[PDB]
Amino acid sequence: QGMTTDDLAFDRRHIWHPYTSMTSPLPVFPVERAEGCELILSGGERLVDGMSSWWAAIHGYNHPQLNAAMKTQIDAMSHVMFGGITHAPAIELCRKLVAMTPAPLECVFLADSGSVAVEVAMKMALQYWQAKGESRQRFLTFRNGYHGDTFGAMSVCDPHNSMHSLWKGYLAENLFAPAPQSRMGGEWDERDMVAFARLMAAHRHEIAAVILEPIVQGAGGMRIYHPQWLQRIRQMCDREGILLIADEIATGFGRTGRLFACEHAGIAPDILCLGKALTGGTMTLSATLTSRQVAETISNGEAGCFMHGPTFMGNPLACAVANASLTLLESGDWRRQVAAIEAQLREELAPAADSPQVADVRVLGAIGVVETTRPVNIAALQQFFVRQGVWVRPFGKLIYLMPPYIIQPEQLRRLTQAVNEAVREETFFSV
């Protein structure tokens, strides 16, 4: 649908966009429709989508199977409350999630958004120790991590990124080990592994859980680390009895080349958070799974229950489109498509590493990252990308690609070629 000149001014003057200023917002672009792997602007220009609307749209846009599953569930009921009620979409979705996740995970808590799913996992960890009579209130994690924007999640986000300086006096105080990415190109710094274990052993009676994003640290820097980290952290947790929360809201459903990034290490978390691509990026839904032991334990405390329940919990429409999205993944095609994207990204982004504006090129699965030596000029780059017929949304010192799995070769070539051109243009960087 059409937008007037006055509509676009009203948006600028009244409508917040993610992490924007209301006094001096950068321009936005008017999208009318989306089809396959393309966004369609007012006036008809089509942009190849390089971002999958931030991870989630792994099957692209206007997918006929996802559309049909939504309209079918609307005909039955788009929503009914989940208190004292169950329904077929939630049951099928939770069957599918239990069946496809690492083996100890048996119990599913459906929720609205990724941030809430993390809050839920944190609350579960705290109720777990409360049922066991211990006062454990601290979470141990990596630097460079990202877990959401609500206050609980913010307290495990990296203490320089989320500007903790402003909320530190309000935000709960957690434990932050060295970032896992090696300091100079190696697989991992054993020193960083030893330093993680020292922090854990030093606070082992205060730590409720370790929380981390497995293999890829997303919004905190698109950083990629070795799976030895996960096998070793899993062993440490097992030795202490501490819970392991895996935040796969970004990595889940195939994007790093395995269905769940935990599979890279062959470990199972005690609590697993999912979101984003769960619905094929059609609408918001999240899920937090736990082991039987965790769920029974948090059923044993003085709570009598797990103390959480969103109004739209179990929403039939979102469950029904998540089911159709998961059914698309059951073809198994994603695993091959993602491997071929990975190989093309590695080959076509390599020339960028020669640029003086570029500090690193790194690829895993269908994630291609060009880390720059200076912050990007977002407005100038966005205009350039749109002029080239593509949609790429950089931030900070990162120009990165996470396209839909069904992207065609020439569409992906247009993305990598645009990125290579962008890093040669000094005007596209700030100071």
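All residue numbers refer to positions in the sequence shown, first residue = 1.
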query: Given 125 to 133 and 301 to 309, the range whose Cα B-factors average higher in the PDB entry; finding: 301 to 309
query: 289 to 297 versus 153 to 161 - which carries the larger mean C-alpha B factor in the record; finding: 153 to 161
query: Which of 393, 46, 63, 374 ranks first by CA B-factor in the deposited coordinates; finding: 374
query: Which of 263, 330, 119, 354 ranks first by CA B-factor in the deposited coordinates; finding: 354
query: Third of chain Cα B-factors occupied by residue 378; finding: highest
query: Chain-wide C-alpha B factor ranking for residue 73, given as lowest, middle or highest third; finding: lowest
query: Chain-wide C-alpha B factor ranking for residue 195, given as lowest, middle or highest third; finding: highest
query: CA B-factor ranking of residue 231, expressed as a third of its chain; finding: highest
query: Chain thirds of CA B-factor: placement of residue 179; finding: highest
